[PDB]
Protein chains: 2
Amino acid sequence: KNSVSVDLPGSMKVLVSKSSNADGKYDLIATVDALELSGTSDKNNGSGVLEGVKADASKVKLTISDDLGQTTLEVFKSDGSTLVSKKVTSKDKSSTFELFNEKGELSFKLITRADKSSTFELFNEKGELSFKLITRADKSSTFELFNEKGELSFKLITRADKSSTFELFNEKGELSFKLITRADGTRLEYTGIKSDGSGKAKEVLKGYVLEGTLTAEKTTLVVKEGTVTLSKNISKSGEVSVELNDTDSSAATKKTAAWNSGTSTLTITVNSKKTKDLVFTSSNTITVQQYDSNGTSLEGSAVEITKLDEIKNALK
Amino acid sequence: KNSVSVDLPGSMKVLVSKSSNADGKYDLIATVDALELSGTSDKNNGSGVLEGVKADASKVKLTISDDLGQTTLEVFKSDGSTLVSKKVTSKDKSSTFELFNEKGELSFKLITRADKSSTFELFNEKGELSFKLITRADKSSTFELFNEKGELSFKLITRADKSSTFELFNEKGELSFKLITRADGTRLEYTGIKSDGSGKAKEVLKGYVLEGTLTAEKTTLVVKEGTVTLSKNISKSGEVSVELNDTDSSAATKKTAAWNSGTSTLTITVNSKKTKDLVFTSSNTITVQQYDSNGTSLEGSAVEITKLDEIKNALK
C-alpha cells in the first residue's frame, strides 16, 4: 500500500512493499498483460515469484532472480502444466521467447540479442524445423527453408546494400543452382552444380554476358576470337584475375598479355609493343584504351565496353 | 553482311538484314547472353525465329511475334526438348519467367506485372507450391508458406507503412494465431482461433493491455470495476466504438454513457450530470477529463492514462 517501484529486465516493473507480512516476507505486485500477479519474497528488492490466474483459469508465473538479472514469464493452460508461452530475459535483452500451439507443442522460438540480432525458428505440424530467419545487427539476413528429409531446400541471403545470394537444392540436399545478385544488379549464375561443386557459370553484366565453368575454388569465364582466348577467373575469395592465350605462332601477330592485380588491368602486347589496356573496374565494367605506335604511352580516353562484340574486337 | 537494328520487349536487340537473303527471306541476328542467334523471316521488320547451339550443345530459341509485341526465350538441353529456362515478355513488362531443374520439371516461376509488381513462386518434389512471394508496386510484400499438403502453414504481410500481420495455421490449415503489429508499435493478438473465427484477443497499448474476445465480425475488449463494464469494440474493418454498462440500481450512483464516434469520445453520466470524457485517440491512447460541478463543461486538462488501474479509477 506504500512501497517502491523497481524496474526489471524487459522494461516490466514490480512494486515491492517496504514492510513485512505474516511470515516475515514481503508482498509483490505486478501487472502482466491485464492480470495483477502477486507473491511473497523473503527479499525486499523486488526479486521473487509472482503468480496469477486468468479469467479463463489460465496460470501466469513470473520469476525474477535474486540479483534482478533475469526474468522468466510462463503462461500455462488451465491445468497449470502445459504451457502457452515462455519468455526469458537478461541484459540488456538478450531474450528468448517461446509460443506453443493449443496442444502444448512448440510453434516458434525467437532468440533476440543485445545488439538486436534475431534468430527466428518456426516449427511445422510434425514437430520439425520448417524455416529459419537469422538477422544480424546491420540488418543482413538469412532465410533458410527445409523439407521432409530434414535438409535445406532453399536459402536466400540478403545484405543491407540489396546484394543477395539465392540458392536451390537438389534431391540429396546438395546445391544445384546459385544466383548472386551484386550491389549494382550484376549477377553471377551457377547451374548444374555437381556433388564436387563443379558446374556451368554465367556472369550477367550491363549489356552483355560472359560464359564458362565452375570448379574447386574458381569460376572461369572465356571469350574466344580466332586463335585467342581471353579468360576471366573469379576465385573462392572473389579474386578477379585475367589471362589470355593465343595459338597463333608468328611473332608479328601473336598477342600476349600481362595481368596487374594492383590496377586490375590486363595489358596486351604484340610484336614487342603494347597495344591495349583492358581495365576491370570496380563497377563490374570493362574499359579498353589503345597505346601509341611506340607502345609507350596511352592515347585518347578509356572506352567503356557495351557488348561481347567489342570485347572480341579488342582481341581480333 | 549486316544492316539495321530493332528494339524488342525484354530489353533485346535484333539485327535485321535490309533486303533479302539467298531466297527472298530476311537474315536475322541477335545475341542472347554469350551466343549469336541466327534466323530467317518472311517479314523484314525484326520478327521471326532465331536458333543457335551453346558450346555444350544446349539449344536456344528466340521467337519474336509478327507485330513485335511478344518475345519468347527458351533454352533446352542437348536433345532440344527438355527445358532449362523460358522467358515470355510483352508490352510492357509484363513478363513471366520460368526455371526448370535438371529433369525439366519446374523449379520457380516469376511473374512481373507492368506496374513493377510481382508474384514469386517456389516448388517442391511433386511440383507443387512450397512458398509464394507477392510484392505489390507500393513495396507491400506478402510471404506464404505451405505445408506438405498445400494448405497454409505460415503467412506474413508487410504493408507500405511497416505495419504487419503475422499468421499461423493449424493441421487443417485453418487460422489459429494472428498478430497485427501497427505502424505505431501497438498490437492486436488473437489466440486459439476456431474454425468459425472466435478466439481470445488482446490489445497491447503503451503501458497496459486490454483483454477480451474475438467474434466473426469483431474484437471486444472489456475492463470491469465493481458493477461497471466498459467495452471497446474494434470492427470487421477497424472502426473503434465504445459502450458502458452499470449493473448498479441506485440512480444516485449508476453510470451511463454516450458514445460520440465523430469525436471518439465516451461521456459518462451519473445522477443526471456529466462527470468524465474518455477520448480514444488516433495514437491508440486513451485520455480522461472531468466535468466541473455543473457537469456542463470540462475542468483542467485531459489526462493520458498510462496503466489499467487508471482506466479503472476512472470507472469507480
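The rules we used
Residues numbered from 1 in each chain as written, not as in the entry; some residues may be left out. Chains lettered and ligands numbered in written order. Heavy atoms only, no water. Helix = DSSP H or I, 4+ residues; strand = E, 2+ residues; numbered from the N terminus. Rg over C-alpha atoms; globule rule 2.2 N^0.38 Å. Buried < 20%, exposed > 50% of the residue type's maximum accessible area, 1.4 Å probe, protein only. Contact = heavy atoms within 4.5 Å. Areas by Shrake-Rupley, 256 points an atom, 1.4 Å probe, with all protein chains shown as cover. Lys, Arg positive; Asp, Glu negative; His and termini not counted. Charge placed at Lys NZ, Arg CZ, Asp CG, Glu CD. Least-squares fit on C-alpha atoms. Core = buried A, V, L, I, M, F, W, Y, C linked by side-chain atoms within 4.5 Å. Salt bridge = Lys/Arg side-chain N within 4 Å of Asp/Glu carboxyl O. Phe/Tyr/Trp six-rings, centres within 6.5 Å; stacked < 30°, edge-to-face > 60°. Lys NZ or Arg CZ within 6 Å of the ring centre and 35° of its normal. Pairing = 2+ DSSP bridges. Buried area = accessible area lost by both parts, 1.4 Å probe. Polar contact = N/O pair within 3.5 Å; in protein donor to acceptor, adjacent residues only side chain to side chain. Nonpolar A, V, L, I, M, F, W, Y, C, P; charged D, E, K, R; others polar.

Method of structure determination, per the deposited record: X-ray crystallography was used for this entry, reaching 2.49 Å resolution.

A. Quick look at the overall build of chain A. Secondary structure assignment for chain A yields one helix and 27 strands. Here chain A has a C-alpha radius of gyration of 32 Å; the compact-globule value for 316 residues is 20 Å, and the former is much larger. Referenced to the eigenvectors of the C-alpha coordinate spread, the extents of chain A come out at roughly 105 × 45 × 25 Å. Across the 316 residues that make up chain A, the buried fraction comes to 39%. For chain A, the share of sequence-separated contacts (at least 6 apart) that also reach a separation of at least 24 residues comes to 12%. Surface summary for chain A: the accessible area is close to 17,000 Å², and the carbon and sulfur share equals 49%. If the 45 positive side-chain charges of chain A are averaged to one point and the 45 negative ones to another, these points end up 2 Å apart.

B. Looking closely at the relation of the copies chain A and chain B. In the superposition of chain A on chain B (RMSD 0.7 Å, axial shift 0.2 Å), the rotation amounts to 180°. Both chain copies can therefore be described as sitting about a two-fold axis. When the interface residues of chain A are mapped onto chain B, 93% of them again lie at the interface, so the same face is used by both copies.

C. Looking closely at unusual backbone geometry. Omega for the peptide link from A:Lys91 to A:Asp92 comes to 0°, which places this bond in the cis form. One non-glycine residue, A:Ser264, adopts positive backbone phi at about 60°. Turning to its location among the elements, A:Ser264 is positioned in the loop between strand 23 (255-260) and strand 24 (265-270). Despite not being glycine, B:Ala57 shows a phi value in the positive range, around 70°.

D. Just the nonpolar core, in detail. Ranked by internal contacts, the top residues of the largest apolar core, which has 27 residues, are B:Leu210, B:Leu230, B:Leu266, B:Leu278 and B:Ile311. The element that contributes the greatest number of residues to this core is helix 1 (residues 308-315) of chain B, accounting for four residues. Core analysis: the next-biggest nonpolar cluster, separate from the first, contains 26 residues, A:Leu205, A:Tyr208, A:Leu210 and A:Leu278 among them.

E. Layout of the pattern of salt bridges. Applying the stated criterion to the full structure yields 27 salt bridges over all chains. In this structure, B:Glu121 and B:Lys132 form a salt bridge, with 3.6 Å as the shortest nitrogen-oxygen distance. You can see B:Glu121 sitting in strand 11 (residues 118-123) and its partner B:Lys132 sitting in strand 12 (residues 129-135), a full 11 residues away along the chain. With relative accessibility at 16%, the residue B:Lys132 sits in the buried group. Between B:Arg136 and B:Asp138 there is a salt bridge, with its nearest N and O atoms 3.7 Å apart. We classify B:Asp138 as partly exposed; its relative accessible area is 44%. Look at the salt bridges and you will find they share partners, linking A:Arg182, A:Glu203 and A:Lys232 into a network.

F. Broad picture of the packing of aromatic side chains. Within this structure, the stated rule accounts for 25 aromatic pairs over all chains. A centroid spacing of 6.2 Å and a plane angle of 90° characterise the contact between A:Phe166 and B:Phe120, whose relative ring orientation is edge-to-face. Highlighted residues: A:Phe166 in strand 15 (residues 164-169) and B:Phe120 in strand 11, drawn from two different chains. You can call A:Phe166 buried: its relative accessible area is 10%. According to the relative accessible area criterion, B:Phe120 is buried, its value standing at 13%. Its guanidinium or amino end placed over the ring of A:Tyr291, A:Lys274 lies 5.4 Å from that ring's centre, counting from NZ or CZ.

G. Inspection of the pairing of strand 24 (residues 265-270) of chain B at higher detail. All names here are of chain B. When you tally the buried positions in strand 24, you get five out of six residues, the bulk of the element. The loop that links strand 23 (residues 255-260) with its antiparallel partner strand 24 comprises four residues; one of these, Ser264, has a positive phi angle of about 55°. The pairing of strand 24 with strand 25 (residues 273-280) spans six bridges and is antiparallel. For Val270, the partnering residue across the bridge sits in strand 25 and is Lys273.

H. Structural detail: the sheet that holds strand 25 (residues 273-280) of chain A. All names here are of chain A. Spatial ordering of the open sheet is given by 23-24-25-26-27, a layout of five strands whose pairing is antiparallel. On the outer flanks of this sheet lie strand 23 and strand 27 (303-304), each paired with one strand and no other. Here strand 26 (residues 286-290) pairs with strand 27 via two bridges, running antiparallel. Bridge assignment links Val288 to a residue of strand 27, and that residue is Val303.

I. Quick peek at the interface of chain A and chain B. Counting from both sides, the interface comprises 29 residues of chain A and, opposite them, 30 residues of chain B. Together, the buried faces of chain A and chain B total about 2,400 Å²; carbon and sulfur atoms form 65% of this surface. If you sort the residues of chain A by the area they bury against chain B, A:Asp33, A:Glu125 and A:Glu211 come out on top, with a joint share of 19%. For the pair chain A and chain B, the interface holds seven salt bridges. A salt bridge links A:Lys200 to B:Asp56; the shortest N-O distance between them is 3.4 Å. One can count six residue pairs in polar contact joining chain A with chain B. Where the side of chain A that touches chain B is concerned, the elements lending two or more residues are strand 10 (106-112), strand 11 (118-123), strand 13 (141-146), strand 15, strand 18 (199-205) and strand 19 (208-215) of chain A. A class-by-class count of the residues in the side of chain A that touches chain B yields 15 nonpolar, two polar and 12 charged.

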